[PDB]
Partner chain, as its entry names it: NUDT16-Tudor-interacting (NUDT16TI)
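Okay, so here's just one chain, in structure tokens, the form deposited without its partner chain.
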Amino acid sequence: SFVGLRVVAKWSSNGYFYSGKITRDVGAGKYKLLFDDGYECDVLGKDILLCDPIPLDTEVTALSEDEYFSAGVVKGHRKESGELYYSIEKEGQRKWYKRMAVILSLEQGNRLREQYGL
């Protein structure tokens, strides 16, 4: 799990897992991360899901204005000019979300913890 890798990690006790990038190995099982929204801090490795992008059938939380909890299943990955978009399916229908808009609730994150642990 070295430097430069895209990851999804939670930086607050009981916070969601957000899209970020491993910025440096701080040692002691901690890495400094630079989240897509600009925020940066050290995060315990055990709270870092090492996957880019989130796997095809993962259940995730897709953000949209005034929408903080709507879940959906990743059904596609599309790369439009250097940017990753997720095709999220919810209730038989799909919508596009920018990588930064897909998040993982604590429960959703755990389902991936085993495989992409670190």
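Numbering follows the first chain given and starts at 1. Note that the rigid core is defined as the largest set of C-alphas that superpose within 1.5 Å between two forms.
What comes next is about the form deposited with its partner chain bound, which does not appear here.
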Note to self: Against its partner chain in the deposited complex, would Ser64 count as a contact residue? Criterion: heavy atoms within 4.5 Å.
What the structure shows: yes
Item checked: Contact label in the deposited complex: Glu40 to its partner chain, heavy atom within 4.5 Å -> yes
Note to self: My question is simply whether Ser12 lines the interface with its partner chain in the deposited complex - judged by any non-hydrogen atom within 4.5 Å.
What the structure shows: yes
Note to self: Just to make sure I understand: among 91 to 118, which residues lie within 4.5 Å of its partner chain in the deposited complex, judging by heavy atoms?
What the structure shows: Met100, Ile103
Check: With both forms fit on the core, has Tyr39 moved 2 Å or more by CA between this form and the one not shown?
Finding: no
Next item on the list: Align on the rigid core first; then say whether the Cα of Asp66 has moved by at least 2 Å between this form and the one not shown.
Entry: yes
